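This document opens with one chain alone, in structure tokens, the form deposited in one PDB entry.
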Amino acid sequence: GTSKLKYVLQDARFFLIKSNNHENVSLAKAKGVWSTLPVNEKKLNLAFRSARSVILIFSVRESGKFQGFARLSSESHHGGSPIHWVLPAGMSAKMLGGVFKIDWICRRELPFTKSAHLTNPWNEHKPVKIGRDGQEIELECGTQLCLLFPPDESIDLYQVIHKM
């Protein structure tokens, strides 16, 4: 069903995450973590304090799809086990900020062809697939985008609801 999903998404904030490679999203799905540049880290930490749920919606660059979405379960923190992110070309992971813990809500993919009717008011009403890493997606667009994903019957939102 979709009722617990709609409960989690109620009055949530949504952010577009653009990964340069599939390996970082695989690592995120396996470890329940994400890391981003400080400019986005600050935005996400502000949002985490201000909203019932902060949803990251993931897209691998050039893949033509979203790879799933997840809910922040903490602000960013430093000093955990290192995460062996792949950076594009030979760039340093030092550029990254803290680590956010995340609970996955959907690990299934959604092709951009299925979201072509959704525009994001906070990015000039361009299609929601279009946007820089960290672009905020307005509430209604973000909710409809999440509801387009195939149901992920491996996930139980009961434990996510309790963290709200």
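Numbers for residues come from their place in the sequence shown, where the first is 1. For the two forms, the rigid core is made up of the largest set of C-alpha atoms that agree within 1.5 Å on superposition.
Same protein, other form: the form deposited in another entry, not shown, and the subject of what follows.
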Rigid-core superposed between the shown form and the other one, candidates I130, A30, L37, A116; the one over the 2 Å C-alpha cutoff or at it is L37
Taking the rigid core as the reference frame, is the Cα of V86 displaced by 2 Å or more between the shown form and the other one? no
Per the comparison in the other entry, the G79 and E23 C-alpha atoms (change 3 Å or more) are positioned closer
